[PDB]
Ligand SMILES: C#Cc1c(F)ccc2cccc(-c3ncc4c(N5C[C@H]6CC[C@@H](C5)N6)nc(OCC56CCCN5CCC6)nc4c3F)c12
Ligand SMILES: Nc1nc2c(ncn2[C@@H]2O[C@H](COP(=O)(O)OP(=O)(O)O)[C@@H](O)[C@H]2O)c(=O)[nH]1
Ligand SMILES: [Mg+2]
């Protein structure tokens, strides 16, 4: 039985809270307070190992206190979430990835790129763009919908697998 500190990051409105609540509660919450940063545990067996996932759903004002750096540094893996209907959210991925690298003092931090809202037709970010970005970062890319649950388990479980591989490097 292993505990993992997972962190869900990305722009406002991409679906970080909806993704987190899908994983923990198996339903789509269409109104989660956009300002509230909170954490939740999900206990699940992944490839045979009981796993305690402690998931930080980030939110709130953009601030860079030394305390926030130290706290983010304890994250073991990060979901880099953008929404496929929001180009700005995709462009902001670089910032979140660099802040993770900045506080972890490492070029090899477990991360997964997540293209959320894949149920919507109003796509402005191409799947190929996202694949090219994830390839350039050396990380997996997973398409999700918090609305339908498409890809949600895959995104979190792939992140756990990336942490396990990191531990063995
Ligand atoms: C997350 C995280 C985070 C890490 F993953 C790792 C280490 C970190 C260390 C220190 C701090 C953070 C961190 N905390 C909050 C951030 C944030 N807010 C404001 C909005 C957007 C998401 C949510 C929180 N509510 N916003 C932006 O950036 C928004 C934009 C993008 C370009 C700069 N900035 C200008 C306006 C748009 N960055 C953030 C940020 F880095 C860390
Ligand atoms: N259609 C669709 N809407 C979504 C999805 N994920 C989130 N939303 C909606 O997008 C809005 C922002 O989601 P939220 O989880 O609050 O994003 P956060 O700011 O990143 O926590 C809400 O109206 C959600 O219901 C999704 O996968 N599909
Ligand atoms: Mg939220």
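All positions are counted from 1 along the displayed chain.
Per deposition record, X-ray crystallography, 1.3 Å.
Just so you know, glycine gets a Cβ as well, placed from its N, Cα and C.
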Which one of 23-31, 32-40, 41-49 shows up in Swiss-Prot as motif 'Effector region'?
32-40
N6-acetyllysine according to Swiss-Prot, picked from 104, 117, 128:
104
Cβ contacts under 8 Å made by the motif 'Effector region' (32-40) with residues that lie 6+ beyond its boundaries:
12-13, 17-18, 20-21, 24, 54-60
Measuring CB to CB from residue 2 (N-acetylthreonine), give everything in the same chain under 8 Å that is also at least six residues away in sequence.
49, 50, 51, 52
So which of the recorded positions 1, 2, 35, 104 sit close to ligand 3, that is, with a CB under 6 Å from an atom of it?
none
Count the Cβ atoms, other than its own, that fall within 10 Å of the Cβ of residue 35 ((Microbial infection) O-linked (Glc) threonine), considering every protein chain shown.
9
Going by DSSP, how much of the motif 'Effector region' (32-40) is helix, how much is strand and how much is coil, in residues?
0 helix, 3 strand, 6 coil
What is the Cβ neighbour count of residue 104 (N6-acetyllysine) at a 10 Å cut-off, with all protein chains included?
18
